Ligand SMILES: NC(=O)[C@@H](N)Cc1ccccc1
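Single chain ahead, by itself, as C-alpha cells, in the form solved without this ligand.
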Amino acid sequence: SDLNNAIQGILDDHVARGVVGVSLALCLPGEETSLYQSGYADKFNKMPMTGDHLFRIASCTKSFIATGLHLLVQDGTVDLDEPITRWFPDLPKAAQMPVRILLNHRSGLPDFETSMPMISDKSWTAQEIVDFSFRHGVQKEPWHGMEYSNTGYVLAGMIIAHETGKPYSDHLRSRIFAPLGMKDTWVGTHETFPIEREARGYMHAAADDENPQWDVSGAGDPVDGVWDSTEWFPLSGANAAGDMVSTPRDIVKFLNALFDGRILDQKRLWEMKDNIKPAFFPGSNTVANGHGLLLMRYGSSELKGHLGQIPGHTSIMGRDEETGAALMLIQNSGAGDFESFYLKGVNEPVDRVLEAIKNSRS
C-alpha cells in the first residue's frame, strides 16, 4: 500500500541519519499488526534487523509492572489509596505514600539511576536498589510535583512479590505474557532470555552527548563511532523500573489487549490511562501520566504508552486512543544525554508515522 511504503521510507530515512537499526510494530483498527525494520541488528556483522530481534524495552517495563499491581488491586489484596507502610514500615515518609504514588511519579522518592554504575556484572537485589537510592538520591515530599521516579516502580515490584509470595516475573508471566501468547518476552531480573536473539545496542560517540545521564566509566574506546552496550548493564539493576526484554510484535499484543479491556477491568484501566496529571521527561514528548502510562504528544496525535532508554536500546510504545492505532518503535542507537539526537530523536520517526497514518485516513 501507499502507507507501507511511506512508513518504510520513514524508517529508512531515520537509519540514514546514522541510527544503526530500527524495528517497528504497528497495528491499525480493522487490521493485523504490520512489522517494519530498517538498518542493522548487528553493526559489525552487518546482520539485517528483523521483527524477531529482541530488545531491552527499558522503562516500557513500567507499564507491565503497573498492570501487575492494578491486577492485585483487582484481586482485592491491594488498595491504590492505602499507605505503603504496610510493606515498607521503615521507609522514610512511607506514611504519606499511598500505593498509587509509586506509579504516578509524584512520590518524591530518591532515585538510583544517575548514580548506578552502568558497566558492571553486579547482580542487584530490589532492597539493595532502594537502599542505594536513599544513600545517593535526594528525597522530596510526597506530592511535591512530578519528577520521574524509578524507585517507585522498584517498590511496586516488591509489593507484587510480597502479595504473591513469588518473584514479580511469575505474576507478569502468568497474568500477562501467557494469556496473550507473548512468547518472545522476558523479565530480565528473574528470567534468562536468549542473548543470541537480541539486537545489539549501540551508544554513539556523538557531539551532543554533553550531559550524560549515566555513569559509563569503563567503556573503553569506541569502534566505528560506537560502543556495543548491549550487555553493559545488569537488568537486575533496572529491576521493576526497566528490566524487560521483548519484540515490537509482542509489545503491540500487550497494548492491543490492554486498551481492548482484556487485561484490566474498566476501573483499573481508567486509573492507568485517564486518572492523569501533568508530566515531564527531559528530551521527550511527555505531557502527562496516569498510573503506568505516559501521555506523549506528537503534534495533533497522542500516544498513551511509555518511553524507554537503556544504553543502546531506545523505545517508544503506545496507543493512539483517537485513531485506535498501537505501535512500538525501538532503535538500537542511543547516547547518554536526554537531548542527544540518538535519544530524543527517536520521537521523529514516531511523529512521521502518526502523521502518515492520519493522512492515509483523511
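Quick note: we count residues from 1 along the sequence shown, nothing fancier.
Just so you know, the form deposited with this ligand bound exists too; it's not on screen, but the next bit is about it.
Asks: Using a 4.5 Å heavy atom cut-off, which residue among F132, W227, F233, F177 comes into contact with this ligand in the entry with it bound?
Replies: Contact with this ligand in the entry with it bound is made by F233 alone.
Asks: Sort through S107, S246, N150, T189 and report the residue having a heavy atom within 4.5 Å of this ligand in the entry with it bound.
Replies: Going through each option in turn, the one that passes is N150.
Asks: Going by a heavy atom distance of 4.5 Å, is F281 a contact of this ligand in the entry with it bound?
Replies: Judged by the heavy-atom cut-off of 4.5 Å, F281 is in contact with this ligand in the entry with it bound.
Asks: Check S63 for me: does it contact this ligand in the entry with it bound (non-hydrogen atoms, 4.5 angstroms)?
Replies: The answer is no: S63 has no heavy atom within 4.5 Å of this ligand.
Asks: Whether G334 contacts this ligand in the entry with it bound should be assessed with a 4.5 Å heavy atom distance threshold; does it?
Replies: Outside the cut-off, so no.
Asks: Although the partner isn't part of this model, could you tell me whether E163 comes within 4.5 Å of this ligand in the entry with it bound, counting any heavy atom of the residue?
Replies: Contact check for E163: no, nothing within 4.5 Å of this ligand in the entry with it bound.
Asks: Partner absent here, but in the entry with it bound, which of 295-303, 55-63, 319-327, 31-39 has residues with a heavy atom within 4.5 Å of this ligand?
Replies: It is 55-63 that comes within 4.5 Å of the partner.
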